[PDB]
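Below is one structure; the comments refer to it alone.
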Amino acid sequence: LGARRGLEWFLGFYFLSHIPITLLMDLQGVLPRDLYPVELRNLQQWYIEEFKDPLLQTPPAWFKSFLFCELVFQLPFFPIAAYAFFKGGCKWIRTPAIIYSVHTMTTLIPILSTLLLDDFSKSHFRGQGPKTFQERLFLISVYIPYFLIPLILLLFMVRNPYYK
Amino acid sequence: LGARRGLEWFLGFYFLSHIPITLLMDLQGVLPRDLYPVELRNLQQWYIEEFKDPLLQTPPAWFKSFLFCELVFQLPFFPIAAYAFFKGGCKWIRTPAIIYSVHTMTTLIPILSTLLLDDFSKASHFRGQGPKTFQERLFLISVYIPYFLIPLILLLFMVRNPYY
Ligand SMILES: CC(C)CCC[C@@H](C)[C@H]1CC[C@H]2[C@@H]3CC=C4C[C@@H](O)CC[C@]4(C)[C@H]3CC[C@]12C
Ligand SMILES: CC(C)CCC[C@@H](C)[C@H]1CC[C@H]2[C@@H]3CC=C4C[C@@H](O)CC[C@]4(C)[C@H]3CC[C@]12C
């Protein structure tokens, strides 16, 4: 297969896998914890205590607004985009995918900037976040693919003549 | 004048007016104070004192990241967009305007949510700097509202207009 067809397969698996990541992990900061079983509640508690995540446990107002945007705007677009790139040749996904890419990239620039430069001392984060530079890379590692893959998607829909 | 050409003239002045607004006011939270004369530095303090803006006074990491994007991406795009909408028939601006609109519409959803839902008392990390009453919150939101609605008008205009 081609690099174009392979990238469409990758984008489909990215949009297909983003549905359980959002419903079962990300939305635990904006949706009540009662709706989640003790297994998933404690699984997110593992990531927060091991990766030293400051945002997921007690989301600030700016991070909660992005999680609601992920619920109302991104989650419905995931199955639509998954079908579009799994099937192939869906010219109608260009503008919707560009809007998703710029939106998602804009949400993670402040996320990556906070993890890399903000103060997580016993600050309004109250020592929840990372202290060392190595612990910050462990956190940026989980968040960075959700900026690069939309970046690839933005460049892919702007120039590909098969979607114009 | 028609409806489409009238909206293009309105969009031209919006991008033209944002060049001094970004330069002489917003970028004072990222650029050194010595790059600005004493007169302009008090003009921003006059705004922070009267409108009680907690973000432009001392920018948090998430708000400062959006300001760096306004310098590297938005500011170079303003003179290009003003010319294209003043001249008319510049179909090459469709995708760049969509990218600007979605990006600008994503930076303010956290801003608008923070100014209306977050606490700015002395018990918070803002240390008592910011709006207190609901009227003071809408008085500050009023300044940031046009920069979410005007891009939204631009987004819907670029998507459906057959001339672009
Ligand atoms: C135990 C394991 C599975 C925990 C996994 C943590 C990762 C996969 C979760 C936790 C925080 C989540 C992020 C929270 C916020 C956003 C911003 C949104 O606009 C894009 C998705 C994105 C970037 C989420 C991607 C998935 C994410 C990084
Ligand atoms: C005296 C009057 C005219 C002053 C007007 C101040 C207004 C126009 C300025 C002050 C604060 C500015 C905002 C500061 C931050 C950003 C985030 C950036 O990503 C988009 C532009 C945006 C949203 C600016 C829009 C213009 C803005 C709202």
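Chains A and B supply the protein sequences, listed in that same order. Per the entry's author numbering: the first sequence = residues 4 to 125, 127 to 168. By the entry's author numbering, the letter at position 128 of the second sequence is numbered 131, and the numbering carries on one by one without gaps. Idealized CB from N, CA, C, for every residue including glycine.
Near ligand 1: residue i beta-carbon under 7 Å from a heavy atom
| i | result |
| --- | --- |
| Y147 (chain A) | yes |
| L59 (chain A) | yes |
| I24 (chain A) | yes |
| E42 (chain A) | no |
| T117 (chain A) | no |
| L155 (chain B) | no |
| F69 (chain A) | yes |
| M28 (chain A) | yes |
| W65 (chain A) | no |
| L158 (chain A) | no |
| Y50 (chain A) | yes |
| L78 (chain A) | no |
| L46 (chain A) | yes |
Heavy atom of ligand 2 within 7 Å of residue i beta-carbon
| i | result |
| --- | --- |
| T110 (chain A) | no |
| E73 (chain B) | yes |
| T107 (chain A) | no |
| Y103 (chain B) | no |
| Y39 (chain B) | no |
| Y150 (chain B) | yes |
Nonlocal neighbours in the same chain, by C-beta distance under 6 Å from residue i, ignoring five residues either side
| i | result |
| --- | --- |
| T110 (chain A) | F69 |
| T25 (chain A) | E73, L78 |
| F89 (chain A) | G15 |
| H21 (chain B) | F81 |
| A85 (chain A) | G15, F18, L19 |
| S104 (chain A) | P154, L157, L158 |
| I96 (chain B) | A87 |
| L27 (chain B) | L43 |
| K125 (chain B) | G131 |
Helix, strand or coil at residue i [DSSP, three-state]
| i | result |
| --- | --- |
| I148 (chain A) | coil |
| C72 (chain B) | helix |
| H106 (chain A) | helix |
| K125 (chain B) | coil |
| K90 (chain A) | helix |
| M28 (chain B) | coil |
| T98 (chain A) | helix |
| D56 (chain B) | coil |
| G15 (chain B) | helix |
| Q132 (chain A) | coil |
| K67 (chain B) | helix |
| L120 (chain B) | helix |
| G5 (chain B) | coil |
| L141 (chain B) | helix |
| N164 (chain A) | coil |
| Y50 (chain B) | helix |
| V41 (chain B) | helix |
| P113 (chain B) | helix |
| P154 (chain B) | helix |
| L34 (chain B) | coil |
| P62 (chain B) | coil |
Rounded Cβ spacing between residue i and residue j (contact assumed at less than 8 Å)
| i | j | result |
| --- | --- | --- |
| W65 (chain B) | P113 (chain A) | 4 Å |
| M161 (chain A) | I83 (chain A) | That pair is no contact at about 14 Å. |
| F81 (chain A) | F18 (chain A) | 5 Å |
| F123 (chain B) | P63 (chain B) | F123 (chain B) to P63 (chain B), Cβ: 12 Å. No contact. |
| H128 (chain B) | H128 (chain A) | 4 Å |
| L119 (chain B) | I144 (chain B) | 6 Å |
| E11 (chain A) | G131 (chain A) | The Cβ separation is near 44 Å, so there is no contact. |
| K94 (chain B) | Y167 (chain B) | 5 Å |
| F71 (chain B) | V33 (chain B) | 6 Å |
| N164 (chain B) | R7 (chain B) | 7 Å |
Cβ-based neighbour list, residue i, same chain, cut-off 7 Å, excluding 5 preceding and 5 following
| i | result |
| --- | --- |
| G133 (chain B) | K55, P57, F123 |
| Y39 (chain B) | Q31 |
| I51 (chain A) | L59, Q60 |
| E139 (chain B) | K55 |
| residue 126 (chain A) | As shown, the structure holds no coordinates for residue 126 (chain A); chain A passes over it, running from 125 to 127. |
| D29 (chain A) | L70, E73 |
8 Å Cβ shell around residue i - same chain, five flanking residues per side excluded
| i | result |
| --- | --- |
| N45 (chain B) | none |
| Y147 (chain A) | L111, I114, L115, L118 |
| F142 (chain A) | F54, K55, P134 |
| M108 (chain A) | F151, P154, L155, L158 |
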